[PDB]
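Asks: Questions regarding the structure given below will be posed in turn.
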Amino acid sequence: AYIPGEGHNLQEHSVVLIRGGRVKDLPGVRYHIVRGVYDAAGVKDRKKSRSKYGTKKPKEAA
Amino acid sequence: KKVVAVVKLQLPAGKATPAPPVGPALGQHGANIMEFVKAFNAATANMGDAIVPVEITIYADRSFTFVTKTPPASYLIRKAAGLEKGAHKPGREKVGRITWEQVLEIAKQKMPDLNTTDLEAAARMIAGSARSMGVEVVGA
Amino acid sequence: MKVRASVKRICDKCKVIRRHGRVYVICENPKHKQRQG
Amino acid sequence: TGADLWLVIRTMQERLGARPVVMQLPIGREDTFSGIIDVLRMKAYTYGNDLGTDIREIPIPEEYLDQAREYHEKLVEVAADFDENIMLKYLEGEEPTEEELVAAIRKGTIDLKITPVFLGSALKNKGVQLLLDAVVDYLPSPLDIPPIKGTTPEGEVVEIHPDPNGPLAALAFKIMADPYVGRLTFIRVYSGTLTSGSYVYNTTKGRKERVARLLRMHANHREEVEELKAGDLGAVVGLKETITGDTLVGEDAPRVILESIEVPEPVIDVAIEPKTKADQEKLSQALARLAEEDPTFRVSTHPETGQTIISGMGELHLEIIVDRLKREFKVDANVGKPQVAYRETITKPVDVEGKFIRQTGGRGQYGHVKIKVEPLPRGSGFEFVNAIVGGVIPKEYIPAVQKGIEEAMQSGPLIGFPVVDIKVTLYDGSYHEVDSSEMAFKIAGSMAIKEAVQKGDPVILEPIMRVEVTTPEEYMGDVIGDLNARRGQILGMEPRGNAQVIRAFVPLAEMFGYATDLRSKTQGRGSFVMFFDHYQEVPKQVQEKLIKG
RNA sequence: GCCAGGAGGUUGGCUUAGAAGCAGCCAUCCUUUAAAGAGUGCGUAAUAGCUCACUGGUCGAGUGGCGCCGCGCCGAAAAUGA
């Protein structure tokens, strides 16, 4: 299981949501991780791929 | 209720805290030792510090009273002979020098504290206590 | 200490008392409870 | 035997600052118990037996009376620190109205002032009804507890009101397992009406919630109620998500949250390692219902070593959690000692030849690197210098010849661990066009470093902690003892309040499970915080002792 | 043996988280005095306290130590019954 890229913590449980999709990297990359799940909740500050990259609605209060 | 307790300590100027054994001695007192800090610091304002004895009392109805004394002679020589912390070991290294006037005032200042409340002993007395800290002497 | 051939006065507050036949060394704190043996 | 008044009384204003005014005095010390006098409402509730099938309340058996009387007087006079009627009453010599007692007393009581030491005996049913009455007299009602603190859906202050008409707003606590009605949540609401068989929603992680049936543990049997009231307490069924401390409002109920955030801080660190790591992720399912039933502990894995550290706050804590393991989860893990993060370095200036005089096919890849190496303080960082004797070794190796230095550093010459806290330097080299690569002088750097560190005066810098000791002077002397006996030397002692904290140095290997110790020497005055400082050498013998194989 | 004094510079300096007679290097004083140390042990977190040293009060006749010689006593357990 890979991950959704930048901004991780994960340590060793997380419930990494086995997903699915290799690339030209890590002879596997099948069954990814999701953030949000039971751990990770995305990049500390993300402004796009918040469909996996955790972050809710950047409510910058202004 | 608490009837009479005159406990004297060795509280130096600067420390404004009721830290033990000031606690288990002046708690049974109702000690205004925060007034002892702010009245005795200015009492020796010419420097504003140095280690000084004290004495504090309670008069049944919570009544403090502060009684101050005079500086130490080991410090009244680090200022005089110009030591930093001293002359590292009394029997090897020596700093400045004592003669026939500085020791005079080392005895003068501490006239009613040394032991023999008489000048005609004090000079050579702490001049001998000078070799105990290791400060050399000039003899004539 | 406590039972041994060699038995000193070690701490001044001890005494050597030739009791019941043989030499002992008694004190207050019986940790120096020596004895010729 | 040991039963007394003065005992506990005395120990109240010597161990905190309690102001124990008391209202009941026993009849007969040890074995000779038969009843109590009441200096409160002026009576003598006497229980003429043990099991308590037949009691009484006759006046004083002749000898007490005036005894109790003095203390009764105390009460009124003490009540001169509250209103203005009781005080002036003691001035007048006036008799206290039986209810102004209820006043002034309950007043101070709830205001955290007086200390209604109602008392008694259980196994011999003696002194129970009086304190039942004393609960129904001086034990605070929700109406009396000042405005609860909390957050808003937006973020500021809250005003959780008693009012049984306001917005639904609850809190819950205990995670009950049970057969019939399954997951049961033990709750104290706060503010808002909640119907049974209705709906709600978790005001925490956002989860609509269906209340099944409100319940109440009524001693013997559990009773199902029509609804939960704004300020009562109850345990509901369902809510198949709500953990603990979750603020639970209604379906609407302006999505409000609460303030309270507690802390079960760590004190124990025990290691645990299964046979094969197959049983390990198995025990990870075990935790998947261990660290999800009891909040507390932290199942976190040390980086430098394997094995997940089961950390927590209590000796018996981790021990009994470990009982539950081999009991009903059955895990075979020879419960081990926690490992340590071992680093290392050297102690001398070394100069060697990093010559890679090696041609192969014709491409060579050869690198003669000439380093001088310098070492520096345990705490600095990492240093090397842009140190060309003039301009030999190519500038492509400058950001790469040092790599193999930094590379031949992730594993030392001894047992081998990240060798940190050193300067380095260099000075010269040898260069050629095609017979020289980036990784070539990276590797030349590697050889140079292995030689210059194996022959550089070895060492091991084991890590050491700063630990403040939270304890008064007595057991302080004692623990200065202990800590000193733990291969380290303290350094710190700034006088504190109800205690006196000692800042300490202790070698991380030692000081192991210090809580298991400490909580014994001090009997339990407090403990310590795990402030980590830095590392230094183990005394010669501890070095070669770890040279295993 | 008993009573009592048993002190002041002082927390000697040097070290040291602190080393105050008192865990440690140097040292290697001077004075109030009849007499009281830069200390002998215990104890303290380091102070505190206790304490020996020393000198009087009582006392009333012998006492303390160092070496030698003779005989001894511990040192000193194995096997059929002494």
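Convention: chains lettered A, B, ... in structure tokens order; per-chain residue numbering from 1; ligands numbered from 1 as shown.
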Select from chain A every residue with an atom at most 10 Å from any atom of chain D, then for each give the shortest pair of atoms and their distance in Å to one decimal, using only C-alpha atoms, rows by chain and rising number, as CSV.
Replies:
residue,atom,partner,partner_atom,distance
A:11,CA,D:301,CA,7.8
A:12,CA,D:301,CA,8.0
A:13,CA,D:284,CA,8.3
Asks: Just write the chosen residues, C-alpha atoms, as a short mmCIF file (atom, residue, chain, number, x, y, z; two decimals), in the first residue's frame.
Replies:
data_model
loop_
_atom_site.label_atom_id
_atom_site.label_comp_id
_atom_site.auth_asym_id
_atom_site.auth_seq_id
_atom_site.Cartn_x
_atom_site.Cartn_y
_atom_site.Cartn_z
CA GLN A 11 3.09 5.41 12.07
CA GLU A 12 1.79 1.83 11.98
CA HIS A 13 -1.99 1.21 11.74
#
Asks: Give me the residues within 6 Å of region 30-32 of chain A as a count of residues only, counting only C-alpha atoms (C1' of nucleotides) and dropping any in the same chain fewer than 3 places off.
Replies: 8
Asks: Got a sec: who's within 6 Å of region 41-51 of chain A, counting only C-alpha atoms (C1' of nucleotides), leaving out chain neighbours fewer than 5 positions off, as a ChimeraX atom specification?
Replies: /A:7,35-36
Asks: Got a sec: who's within 12 Å of region 12-25 of chain B, counting only C-alpha atoms (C1' of nucleotides), leaving out chain neighbours fewer than 5 positions off, as a PDB file with N, CA and C atoms (P, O5', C5', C4', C3', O3' and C1' of nucleotides), in the first residue's frame?
Replies:
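Result file follows (out_30.pdb):
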ATOM      1  N   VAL B   4       4.282  33.787  70.507  1.00  0.00           N
ATOM      2  CA  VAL B   4       5.734  34.040  70.403  1.00  0.00           C
ATOM      3  C   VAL B   4       6.651  32.990  69.735  1.00  0.00           C
ATOM      4  N   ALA B   5       7.333  33.426  68.678  1.00  0.00           N
ATOM      5  CA  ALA B   5       8.339  32.619  67.987  1.00  0.00           C
ATOM      6  C   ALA B   5       9.340  33.510  67.245  1.00  0.00           C
ATOM      7  N   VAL B   6      10.509  33.720  67.844  1.00  0.00           N
ATOM      8  CA  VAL B   6      11.542  34.558  67.239  1.00  0.00           C
ATOM      9  C   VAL B   6      12.628  33.712  66.558  1.00  0.00           C
ATOM     10  N   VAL B   7      12.411  33.412  65.280  1.00  0.00           N
ATOM     11  CA  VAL B   7      13.334  32.570  64.525  1.00  0.00           C
ATOM     12  C   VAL B   7      14.221  33.411  63.606  1.00  0.00           C
ATOM     13  N   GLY B  30       3.138  34.048  60.944  1.00  0.00           N
ATOM     14  CA  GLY B  30       2.496  35.033  60.099  1.00  0.00           C
ATOM     15  C   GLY B  30       3.552  36.078  59.817  1.00  0.00           C
ATOM     16  N   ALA B  31       4.601  35.651  59.120  1.00  0.00           N
ATOM     17  CA  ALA B  31       5.783  36.476  58.909  1.00  0.00           C
ATOM     18  C   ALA B  31       5.646  37.415  57.720  1.00  0.00           C
ATOM     19  N   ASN B  32       5.800  38.709  57.986  1.00  0.00           N
ATOM     20  CA  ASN B  32       5.846  39.709  56.930  1.00  0.00           C
ATOM     21  C   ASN B  32       7.276  39.774  56.393  1.00  0.00           C
ATOM     22  N   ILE B  33       7.732  38.646  55.849  1.00  0.00           N
ATOM     23  CA  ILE B  33       9.076  38.520  55.300  1.00  0.00           C
ATOM     24  C   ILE B  33       9.160  39.032  53.861  1.00  0.00           C
ATOM     25  N   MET B  34       8.048  39.553  53.354  1.00  0.00           N
ATOM     26  CA  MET B  34       8.059  40.238  52.070  1.00  0.00           C
ATOM     27  C   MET B  34       8.322  41.727  52.303  1.00  0.00           C
ATOM     28  N   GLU B  35       8.192  42.147  53.559  1.00  0.00           N
ATOM     29  CA  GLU B  35       8.540  43.501  53.979  1.00  0.00           C
ATOM     30  C   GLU B  35       9.990  43.523  54.448  1.00  0.00           C
ATOM     31  N   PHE B  36      10.448  42.382  54.953  1.00  0.00           N
ATOM     32  CA  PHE B  36      11.854  42.195  55.283  1.00  0.00           C
ATOM     33  C   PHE B  36      12.718  42.263  54.018  1.00  0.00           C
ATOM     34  N   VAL B  37      12.184  41.802  52.888  1.00  0.00           N
ATOM     35  CA  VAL B  37      12.935  41.825  51.632  1.00  0.00           C
ATOM     36  C   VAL B  37      13.035  43.240  51.075  1.00  0.00           C
ATOM     37  N   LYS B  38      11.920  43.966  51.122  1.00  0.00           N
ATOM     38  CA  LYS B  38      11.809  45.277  50.484  1.00  0.00           C
ATOM     39  C   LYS B  38      12.190  46.460  51.384  1.00  0.00           C
ATOM     40  N   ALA B  39      12.591  46.184  52.623  1.00  0.00           N
ATOM     41  CA  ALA B  39      13.036  47.248  53.521  1.00  0.00           C
ATOM     42  C   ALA B  39      14.517  47.115  53.858  1.00  0.00           C
ATOM     43  N   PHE B  40      15.044  45.902  53.732  1.00  0.00           N
ATOM     44  CA  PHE B  40      16.441  45.637  54.063  1.00  0.00           C
ATOM     45  C   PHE B  40      17.347  45.750  52.836  1.00  0.00           C
ATOM     46  N   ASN B  41      16.760  45.613  51.650  1.00  0.00           N
ATOM     47  CA  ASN B  41      17.515  45.759  50.409  1.00  0.00           C
ATOM     48  C   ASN B  41      17.992  47.192  50.224  1.00  0.00           C
ATOM     49  N   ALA B  42      17.148  48.130  50.639  1.00  0.00           N
ATOM     50  CA  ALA B  42      17.463  49.549  50.566  1.00  0.00           C
ATOM     51  C   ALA B  42      18.219  49.990  51.811  1.00  0.00           C
ATOM     52  N   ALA B  43      18.215  49.141  52.835  1.00  0.00           N
ATOM     53  CA  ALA B  43      18.903  49.448  54.083  1.00  0.00           C
ATOM     54  C   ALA B  43      20.406  49.460  53.851  1.00  0.00           C
ATOM     55  N   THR B  44      20.853  48.610  52.932  1.00  0.00           N
ATOM     56  CA  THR B  44      22.246  48.588  52.515  1.00  0.00           C
ATOM     57  C   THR B  44      22.326  48.949  51.038  1.00  0.00           C
ATOM     58  N   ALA B  45      21.636  50.022  50.666  1.00  0.00           N
ATOM     59  CA  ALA B  45      21.524  50.435  49.271  1.00  0.00           C
ATOM     60  C   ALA B  45      22.853  50.846  48.629  1.00  0.00           C
ATOM     61  N   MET B  47      25.418  49.270  48.275  1.00  0.00           N
ATOM     62  CA  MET B  47      25.736  48.169  47.370  1.00  0.00           C
ATOM     63  C   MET B  47      24.433  47.501  46.938  1.00  0.00           C
ATOM     64  N   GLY B  48      23.602  47.152  47.917  1.00  0.00           N
ATOM     65  CA  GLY B  48      22.274  46.627  47.650  1.00  0.00           C
ATOM     66  C   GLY B  48      22.179  45.114  47.701  1.00  0.00           C
ATOM     67  N   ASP B  49      23.216  44.465  48.228  1.00  0.00           N
ATOM     68  CA  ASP B  49      23.269  43.002  48.263  1.00  0.00           C
ATOM     69  C   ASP B  49      24.047  42.449  49.463  1.00  0.00           C
ATOM     70  N   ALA B  50      24.879  41.444  49.189  1.00  0.00           N
ATOM     71  CA  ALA B  50      25.683  40.730  50.191  1.00  0.00           C
ATOM     72  C   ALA B  50      24.876  39.908  51.205  1.00  0.00           C
ATOM     73  N   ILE B  51      25.478  38.813  51.667  1.00  0.00           N
ATOM     74  CA  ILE B  51      24.842  37.893  52.609  1.00  0.00           C
ATOM     75  C   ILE B  51      24.689  38.539  53.978  1.00  0.00           C
ATOM     76  N   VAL B  52      23.458  38.583  54.477  1.00  0.00           N
ATOM     77  CA  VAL B  52      23.172  39.265  55.735  1.00  0.00           C
ATOM     78  C   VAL B  52      22.254  38.448  56.641  1.00  0.00           C
ATOM     79  N   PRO B  53      22.626  38.325  57.923  1.00  0.00           N
ATOM     80  CA  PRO B  53      21.766  37.676  58.919  1.00  0.00           C
ATOM     81  C   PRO B  53      20.476  38.460  59.174  1.00  0.00           C
ATOM     82  N   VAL B  54      19.466  37.768  59.691  1.00  0.00           N
ATOM     83  CA  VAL B  54      18.176  38.383  59.971  1.00  0.00           C
ATOM     84  C   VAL B  54      17.593  37.804  61.269  1.00  0.00           C
ATOM     85  N   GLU B  55      16.558  38.443  61.810  1.00  0.00           N
ATOM     86  CA  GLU B  55      15.810  37.893  62.938  1.00  0.00           C
ATOM     87  C   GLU B  55      14.365  38.381  62.907  1.00  0.00           C
ATOM     88  N   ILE B  56      13.417  37.444  62.946  1.00  0.00           N
ATOM     89  CA  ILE B  56      11.992  37.770  62.822  1.00  0.00           C
ATOM     90  C   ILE B  56      11.139  37.110  63.924  1.00  0.00           C
ATOM     91  N   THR B  57      10.119  37.827  64.398  1.00  0.00           N
ATOM     92  CA  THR B  57       9.348  37.430  65.582  1.00  0.00           C
ATOM     93  C   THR B  57       7.831  37.501  65.339  1.00  0.00           C
ATOM     94  N   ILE B  58       7.045  36.821  66.175  1.00  0.00           N
ATOM     95  CA  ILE B  58       5.583  36.974  66.182  1.00  0.00           C
ATOM     96  C   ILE B  58       5.080  37.347  67.584  1.00  0.00           C
ATOM     97  N   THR B  68      18.523  43.033  61.381  1.00  0.00           N
ATOM     98  CA  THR B  68      19.601  42.747  60.433  1.00  0.00           C
ATOM     99  C   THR B  68      20.994  42.847  61.054  1.00  0.00           C
ATOM    100  N   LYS B  69      21.955  42.149  60.454  1.00  0.00           N
ATOM    101  CA  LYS B  69      23.345  42.210  60.904  1.00  0.00           C
ATOM    102  C   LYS B  69      24.294  42.587  59.762  1.00  0.00           C
ATOM    103  N   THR B  70      25.559  42.184  59.871  1.00  0.00           N
ATOM    104  CA  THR B  70      26.604  42.676  58.967  1.00  0.00           C
ATOM    105  C   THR B  70      27.196  41.588  58.041  1.00  0.00           C
ATOM    106  N   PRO B  71      27.741  41.998  56.872  1.00  0.00           N
ATOM    107  CA  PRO B  71      28.359  41.141  55.842  1.00  0.00           C
ATOM    108  C   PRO B  71      29.405  40.128  56.345  1.00  0.00           C
ATOM    109  N   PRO B  72      29.768  39.136  55.501  1.00  0.00           N
ATOM    110  CA  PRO B  72      30.850  38.175  55.768  1.00  0.00           C
ATOM    111  C   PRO B  72      32.236  38.717  55.399  1.00  0.00           C
TER     112      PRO B  72
ATOM    113  N   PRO D 472       7.721  16.667  47.715  1.00  0.00           N
ATOM    114  CA  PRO D 472       8.215  17.412  48.882  1.00  0.00           C
ATOM    115  C   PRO D 472       9.512  16.845  49.472  1.00  0.00           C
ATOM    116  N   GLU D 473      10.017  17.499  50.515  1.00  0.00           N
ATOM    117  CA  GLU D 473      11.406  17.386  50.980  1.00  0.00           C
ATOM    118  C   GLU D 473      11.857  16.028  51.538  1.00  0.00           C
ATOM    119  N   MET D 493      17.086  21.933  41.629  1.00  0.00           N
ATOM    120  CA  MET D 493      16.356  21.876  42.894  1.00  0.00           C
ATOM    121  C   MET D 493      15.573  23.128  43.318  1.00  0.00           C
ATOM    122  N   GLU D 494      15.031  23.875  42.361  1.00  0.00           N
ATOM    123  CA  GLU D 494      14.304  25.111  42.678  1.00  0.00           C
ATOM    124  C   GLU D 494      13.044  24.864  43.516  1.00  0.00           C
ATOM    125  N   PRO D 495      13.024  25.394  44.753  1.00  0.00           N
ATOM    126  CA  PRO D 495      11.916  25.249  45.707  1.00  0.00           C
ATOM    127  C   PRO D 495      10.533  25.521  45.114  1.00  0.00           C
ATOM    128  N   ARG D 496       9.632  24.550  45.242  1.00  0.00           N
ATOM    129  CA  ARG D 496       8.286  24.664  44.683  1.00  0.00           C
ATOM    130  C   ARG D 496       7.229  24.850  45.771  1.00  0.00           C
ATOM    131  N   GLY D 497       5.960  24.816  45.371  1.00  0.00           N
ATOM    132  CA  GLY D 497       4.858  25.106  46.273  1.00  0.00           C
ATOM    133  C   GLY D 497       4.571  24.036  47.310  1.00  0.00           C
ATOM    134  N   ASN D 498       3.511  23.265  47.081  1.00  0.00           N
ATOM    135  CA  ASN D 498       3.130  22.189  47.990  1.00  0.00           C
ATOM    136  C   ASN D 498       4.138  21.044  47.957  1.00  0.00           C
ATOM    137  N   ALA D 499       5.136  21.172  47.090  1.00  0.00           N
ATOM    138  CA  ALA D 499       6.234  20.216  47.009  1.00  0.00           C
ATOM    139  C   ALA D 499       7.551  20.957  46.814  1.00  0.00           C
ATOM    140  N   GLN D 500       8.542  20.250  46.283  1.00  0.00           N
ATOM    141  CA  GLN D 500       9.824  20.849  45.931  1.00  0.00           C
ATOM    142  C   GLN D 500      10.445  20.008  44.824  1.00  0.00           C
TER     143      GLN D 500
ATOM    144  P     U E  47      27.107  19.620  55.071  1.00  0.00           P
ATOM    145  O5'   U E  47      25.864  20.549  55.440  1.00  0.00           O
ATOM    146  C5'   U E  47      25.545  20.880  56.783  1.00  0.00           C
ATOM    147  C4'   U E  47      24.673  22.110  56.840  1.00  0.00           C
ATOM    148  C3'   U E  47      24.163  22.525  58.212  1.00  0.00           C
ATOM    149  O3'   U E  47      25.126  23.203  59.009  1.00  0.00           O
ATOM    150  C1'   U E  47      22.384  22.598  56.667  1.00  0.00           C
ATOM    151  P     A E  48      25.198  22.961  60.602  1.00  0.00           P
ATOM    152  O5'   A E  48      23.741  22.455  61.006  1.00  0.00           O
ATOM    153  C5'   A E  48      22.719  23.387  61.321  1.00  0.00           C
ATOM    154  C4'   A E  48      21.451  22.712  61.776  1.00  0.00           C
ATOM    155  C3'   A E  48      21.515  21.976  63.100  1.00  0.00           C
ATOM    156  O3'   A E  48      21.503  22.846  64.219  1.00  0.00           O
ATOM    157  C1'   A E  48      20.302  20.685  61.525  1.00  0.00           C
TER     158        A E  48
END
Asks: Considering only C-alpha atoms (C1' of nucleotides), return as a PDB file with C-alpha atoms, in the first residue's frame whatever protein or nucleic-acid residues lie within 12 Å of residue 108 (chain B), sequence-local ones (same chain, fewer than 6 positions apart) excluded.
Replies:
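Output file selection.pdb is given in full below:
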ATOM      1  CA  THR B  70      26.604  42.676  58.967  1.00  0.00           C
ATOM      2  CA  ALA B  73      34.643  38.697  55.874  1.00  0.00           C
ATOM      3  CA  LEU B  76      34.755  41.600  52.503  1.00  0.00           C
ATOM      4  CA  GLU B 101      45.080  49.800  55.725  1.00  0.00           C
ATOM      5  CA  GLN B 102      42.790  47.485  53.760  1.00  0.00           C
ATOM      6  CA  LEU B 114      34.174  39.094  64.616  1.00  0.00           C
ATOM      7  CA  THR B 117      34.836  43.111  70.008  1.00  0.00           C
ATOM      8  CA  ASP B 118      38.185  44.914  70.166  1.00  0.00           C
ATOM      9  CA  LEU B 119      40.281  46.302  67.313  1.00  0.00           C
ATOM     10  CA  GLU B 120      43.652  45.325  68.800  1.00  0.00           C
ATOM     11  CA  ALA B 121      43.306  41.702  67.670  1.00  0.00           C
ATOM     12  CA  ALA B 122      40.935  41.810  64.691  1.00  0.00           C
ATOM     13  CA  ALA B 123      43.492  43.026  62.136  1.00  0.00           C
ATOM     14  CA  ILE B 126      41.303  37.985  59.852  1.00  0.00           C
TER      15      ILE B 126
END
Asks: Identify which of the residues E:62, E:41, E:1, E:72 lies closest to chain C, counting only C-alpha atoms (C1' of nucleotides) when measuring atom-to-atom distances.
Replies: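 Closest to chain C of all the choices is E:41.
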Asks: Excluding residue 2 (chain C) and any residue of its chain fewer than 4 positions from it, enumerate the residues within 10 Å of it, using only C-alpha atoms (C1' of nucleotides), and give them as JSON, numbers by chain.
Replies: {"C": [7, 24, 25, 30, 31, 32, 33, 34, 35, 36, 37]}
Asks: For the residues in the current selection, export C-alpha atoms as a compact mmCIF listing (two decimals), in the first residue's frame.
Replies:
# COMPACT_ATOMS: atom_id res chain seq x y z
CA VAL C 7 38.00 -10.09 64.35
CA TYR C 24 33.33 -12.07 70.29
CA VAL C 25 33.18 -8.37 69.31
CA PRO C 30 25.11 -5.89 65.29
CA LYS C 31 26.48 -5.62 61.73
CA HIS C 32 29.95 -5.84 63.26
CA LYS C 33 28.75 -8.80 65.29
CA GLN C 34 32.16 -10.41 64.98
CA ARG C 35 33.27 -13.69 66.53
CA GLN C 36 36.43 -15.79 66.49
CA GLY C 37 35.24 -18.50 64.12
